[PDB]
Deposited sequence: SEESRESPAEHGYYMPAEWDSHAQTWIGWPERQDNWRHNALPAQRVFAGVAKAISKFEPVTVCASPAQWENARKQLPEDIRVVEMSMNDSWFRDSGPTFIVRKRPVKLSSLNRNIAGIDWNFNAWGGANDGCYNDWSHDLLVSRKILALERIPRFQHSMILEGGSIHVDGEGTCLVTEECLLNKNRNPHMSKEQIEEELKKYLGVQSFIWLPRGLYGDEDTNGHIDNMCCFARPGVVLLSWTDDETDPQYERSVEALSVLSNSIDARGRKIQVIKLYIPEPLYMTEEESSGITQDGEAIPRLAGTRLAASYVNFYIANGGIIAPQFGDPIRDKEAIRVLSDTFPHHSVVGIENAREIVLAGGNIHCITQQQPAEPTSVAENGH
């Protein structure tokens, strides 16, 4: 697939910050038995709970496969729209479109996609349906579409809506993504497509986040211009510690696109979590996806929350201090939003991501 003849930036578009006004949220529906234990049922109920929480703030559409449409329609309240859509898995932060707006005044970017690392390093062996998800979503809404040839997922990029793009090297410079492109070329395309002017490159993402090779959205995100929330631990024996300290070092020497120094709020990860034998035993091995093994360190961070209209939808991992700390810190950081916790978010992390990874915001169209 080739590139649109003109970029978003050439038409005045840019990607707004996640905390700007939404028209709705898009979410996919999990099903594949070699990624979601017990026929996906525990995860489906958590997805449904996330969708329902977001629906209290703004409209939601859930997309479910032909096989699943009736199941999703039963499991979701009636004010959530459910539409039929083929997909190889349910991570719409990554396979869905990255919306852009201008002051038609909304468009969507359809990045190329390879299941987070392709034939030799990706999470499953067929992403043919996933390749059409963005086209189908934008067609459903009648929103124009820019197409890129470069591989990218929405979970790998974060913006402040003021010209800054926060990314990780571990992901976007990985040879499993766009090995034909340099760092500078990748920057130029993101300027052209996101409407950004400058970058903050963290070297690495969250420890344990092998699915995505260190997506930024599981490591660090903006809370508002000039302020980030960073996954943190004080425990020097956790391999997360050296990643967090290194990110802190970079951020505390970083300037945003408008010349601000970055202030960092630490958001402590839960006490380390590991997949149980009982969890792993509910997952099939059909030779189509990466294995899910007992003992794996879960890539769990409260940074993988989602911002909706007046709501923050945050994971809860069962940790008897870090869950409530995360709710408090987020409540203080977003004092005009209601902070909602989602219990059993572990069910999503077992499969490689969390709340932010299963959502994709559709901005309100400026008038």
(message) Missing C-alpha coordinates: which residue stretches of the deposited sequence does that apply to?
(response) 104 to 112, 377 to 383
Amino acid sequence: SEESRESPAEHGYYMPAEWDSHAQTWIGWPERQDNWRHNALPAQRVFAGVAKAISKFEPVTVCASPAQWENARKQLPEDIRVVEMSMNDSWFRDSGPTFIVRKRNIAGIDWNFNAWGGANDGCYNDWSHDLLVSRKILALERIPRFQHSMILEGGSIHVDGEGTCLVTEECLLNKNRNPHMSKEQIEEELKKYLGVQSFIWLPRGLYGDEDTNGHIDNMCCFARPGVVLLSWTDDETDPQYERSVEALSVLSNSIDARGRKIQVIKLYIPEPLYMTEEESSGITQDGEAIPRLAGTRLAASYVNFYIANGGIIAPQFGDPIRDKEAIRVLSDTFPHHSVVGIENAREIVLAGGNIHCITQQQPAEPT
From here on, numbers count along this sequence of modelled residues.
(request) Output the stretch having the higher mean C-alpha B factor in the entry; the candidates are 343 to 351 and 6 to 14. (result) 6 to 14
(request) Using only the Cα atoms and their B-factors as the entry lists them, report which of 161 to 169 and 181 to 189 averages higher. (result) 181 to 189
(message) By the CA temperature factor listed in this entry, which of these ranks top: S134, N174, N114, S86?
(response) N174
(request) Between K52, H38, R322, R45, let me know which has the highest C-alpha B-factor in the entry? (result) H38
(request) Select lowest, middle or highest to describe the third in which the CA B-factor of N71 falls within its chain in this entry. (result) middle
(request) Check where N213 lands among this chain's C-alpha B-factors and tell me if it's the lowest, middle or highest third. (result) middle
(request) Among all modelled residues of this chain, ranked by Cα B factor, put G28 in the bottom, middle or top third, i.e. lowest, middle or highest. (result) lowest
(request) Could you say whether, by C-alpha temperature factor, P315 belongs to the lowest, middle or highest third of its chain? (result) lowest
(message) Based on the deposited C-alpha B factors for this chain, I'd like to know if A289 is in the lowest, middle or highest third.
(response) highest
